[PDB]
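The next block holds one structure in the form of structure tokens; read it before the comments.
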Amino acid sequence: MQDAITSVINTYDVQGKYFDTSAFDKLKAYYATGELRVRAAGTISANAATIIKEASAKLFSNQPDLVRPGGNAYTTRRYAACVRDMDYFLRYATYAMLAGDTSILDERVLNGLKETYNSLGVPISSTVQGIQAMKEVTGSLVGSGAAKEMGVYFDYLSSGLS
Amino acid sequence: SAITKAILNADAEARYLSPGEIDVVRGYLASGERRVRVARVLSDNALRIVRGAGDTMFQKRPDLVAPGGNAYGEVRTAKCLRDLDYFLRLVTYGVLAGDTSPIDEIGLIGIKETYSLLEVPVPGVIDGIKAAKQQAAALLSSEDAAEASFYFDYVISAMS
Amino acid sequence: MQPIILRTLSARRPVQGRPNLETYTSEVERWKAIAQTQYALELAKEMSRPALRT
Ligand SMILES: CCC1=C(C)/C(=C/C2=NC(=C\c3[nH]c(/C=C4\NC(=O)[C@H](C)[C@H]4CC)c(C)c3CCC(=O)O)/C(CCC(=O)O)=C2C)NC1=O
Ligand SMILES: CCC1=C(C)/C(=C/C2=NC(=C\c3[nH]c(/C=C4\NC(=O)[C@H](C)[C@H]4CC)c(C)c3CCC(=O)O)/C(CCC(=O)O)=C2C)NC1=O
């Protein structure tokens with residue numbers, strides 16, 4: 001995967017150039033945001049279970065037919081698969097927020113996920129709604145600046161599945 | 001410990017410590033003074049932290065010590081407060097080592113099935129641990145409180 | 001009590017309502033477009049890099 005630093009290194013290495021002023025500006029920007037990212041990642045890891053509980057509660061309240069008979073999240077096994085999926089989405093969004101880069105979502109999450117969901121009969125719009133619910137809860141817990149940071153990766157996941 | 005993790009990573013690849021790993025070890029050895037300060041403050045104040053956390057836990061959840069509660073009676077309340085003291089000691093160990101390896105080895109691995117077979121309410125334990133976190137933050141400075149709260153929150157999240 | 005003291009003087013502002021801001025909104029949208037161009041240029045620079053040279 002790539003972080004902001006590795007993205008800059010990749011650009012300058014493929015171009016064959018040493019770091020210029022603009023590269024140093026980009027690296028300063030990532031270093032400046034590093035403290036905020038570490039704080040937000042710690043807050044999320046401290047609160048991951050609660051975020052999943054609130055997000056799945058809001059998703060299954062908005063769409064009660066998911067966890068009733070006939071719904072894709074009706075059985076203990078399919079409910080468990082659902083909340084596990086939400087947990088992985090949260091963890092990888094937290095990773096991508098630390099890295100300052102959405103590449104890990106491309107390498108570890110999105111590729112082939114739409115097909116798997118279509119093949120299993122998982123509702124994809126409902127999954128996007130669950131990801132949005134996690135976004136709302138996480139933004140509540142992390143604060144305004146960290147919320148604006150995490151929203152980028154949540155929306156990346158949402159648009160990738162949409 | 002942090003040094004243990006760096007060395008295990010270097011040994012997994014059959015190589016010497018890398019500049020990043022040497023930097024990690026140097027950062028831990030620099031933070032040692034602050035770590036010893038936080039651990040000392042939590043160690044000398046264990047009695048009051050556990051007493052206050054137990055008081056506020058039992059006030060938040062009186063049914064735990066009510067008849068038919070998991071901690072009803074003198075022996076079971078004693079074991080409950082002993083568990084809270086255990087977790088405070090583990091938080092001090094984690095603060096000293098710089099990772100959660102002592103916490104995981106001594107107290108966390110196997111706690112979930114232990115409390116499941118004992119039918120101990122994990123939310124009650126988490127209430128006591130959060131209470132201990134606030135008691136500790138009261139005795140610590142803001143940065144010391146944050147450092148302690150890292151390992152407190154690790155314990156809570158492992159319970160939950 | 002016989003000094004003339006004035007209590008309820010009318011205000012400077014007129015009684016009318018708020019004038020509409022459509023022209024101001026248009027100019028603000030122009031500023032937004034200008035600001036979006038300067039970030040879209042960087043991301044476009046990213047789009048035109050080769051495919052598999054990481
Ligand atoms: C067939 C497999 C299957 C099961 C079993 C199942 C149960 C289930 N119970 C739920 C809520 C609940 N379930 C309970 C039941 C508990 N409360 C008390 O503590 C009792 C000890 C205990 C019942 C004997 C309660 C109180 C709620 C409401 C919780 C809430 O409001 O969020 C929910 C969340 C959404 C909903 O209301 O339907 C599910 C999915 N779903 C399934 O697909
Ligand atoms: C140093 C690592 C370590 C830990 C962490 C540990 C926890 C632990 N607590 C136990 C009992 C217990 N633990 C509790 C604590 C509960 N009471 C309330 O409900 C609260 C929710 C909660 C505490 C906040 C209680 C009441 C018992 C007695 C339960 C019984 O015997 O039925 C037991 C079973 C053996 C015994 O009776 O001593 C273990 C293993 N033991 C260890 O060696």
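In the structure tokens, each chain is lettered A, B, ... as it comes, each chain's residues begin at 1, and ligands are numbered from 1 in order of appearance.
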
*Given a cut-off of 8 Å, what residues near ligand 2 show up using only C-alpha atoms and all ligand atoms, put as an NGL selection string?*
:B and (54 or 57 or 64-65 or 69-72 or 75-84 or 86-87 or 90 or 106-108 or 111 or 114-115 or 118-129)

Residues of chain C no more than 12 Å from chain A, counting only C-alpha atoms: send them over as a CSV table (one decimal) with N, CA, C and O atoms, in the first residue's frame.
chain,number,residue,atom,x,y,z
C,42,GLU,N,-4.2,19.5,-9.9
C,42,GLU,CA,-3.3,18.5,-9.2
C,42,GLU,C,-3.8,17.1,-9.4
C,42,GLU,O,-3.0,16.2,-9.8
C,45,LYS,N,-3.2,16.0,-12.9
C,45,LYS,CA,-1.8,15.6,-13.0
C,45,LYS,C,-1.6,14.2,-12.5
C,45,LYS,O,-0.8,13.5,-13.1
C,46,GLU,N,-2.2,13.8,-11.5
C,46,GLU,CA,-2.2,12.5,-11.0
C,46,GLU,C,-2.8,11.5,-12.0
C,46,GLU,O,-2.3,10.4,-12.2
C,47,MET,N,-3.9,11.9,-12.7
C,47,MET,CA,-4.6,11.0,-13.6
C,47,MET,C,-3.7,10.6,-14.8
C,47,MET,O,-3.9,9.5,-15.4
C,48,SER,N,-2.8,11.5,-15.2
C,48,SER,CA,-2.1,11.3,-16.4
C,48,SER,C,-0.7,10.6,-16.2
C,48,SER,O,0.1,10.7,-17.1
C,49,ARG,N,-0.5,9.9,-15.1
C,49,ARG,CA,0.7,9.2,-14.9
C,49,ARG,C,0.6,7.8,-15.5
C,49,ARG,O,-0.5,7.3,-15.7
C,50,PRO,N,1.7,7.1,-15.8
C,50,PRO,CA,1.6,5.8,-16.4
C,50,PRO,C,1.0,4.8,-15.5
C,50,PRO,O,0.7,5.0,-14.3
C,51,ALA,N,0.7,3.6,-16.1
C,51,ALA,CA,-0.2,2.7,-15.5
C,51,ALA,C,0.4,1.8,-14.4
C,51,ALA,O,-0.2,1.8,-13.3
C,52,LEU,N,1.5,1.1,-14.7
C,52,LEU,CA,1.9,0.0,-13.8
C,52,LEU,C,3.4,0.2,-13.4
C,52,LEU,O,4.2,-0.7,-13.6
C,53,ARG,N,3.7,1.4,-13.0
C,53,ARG,CA,5.1,1.8,-12.7
C,53,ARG,C,5.3,2.2,-11.3
C,53,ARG,O,6.0,3.2,-11.0
C,54,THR,N,4.7,1.5,-10.4
C,54,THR,CA,4.8,1.7,-8.9
C,54,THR,C,6.1,1.1,-8.4
C,54,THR,O,6.4,-0.1,-8.7

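Selecting all polymer residues at most 8 Å from ligand 1, using only C-alpha atoms and all ligand atoms, gives residues 57, 60, 61, 64, 67, 68, 69, 73, 74, 75, 76, 77, 78 and 79 of chain A.
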
*asked:* From a backbone DSSP assignment, name each residue in stretch 27-87 of chain A labelled alpha helix (DSSP H), as an MDAnalysis selection string.
replied: chainID A and resid 27:62 76:87

_Test item: chain A residues at most 12 Å from chain B, counting only C-alpha atoms, as a PyMOL selection string_ = chain A and resi 38-39+41-53

*Can you pull out every residue within 9 Å of residue A:146, counting only C-alpha atoms, but drop anything in the same chain fewer than 6 positions away, and send it as a list in words?*
residues 36, 37, 39, 40 and 139 of chain A
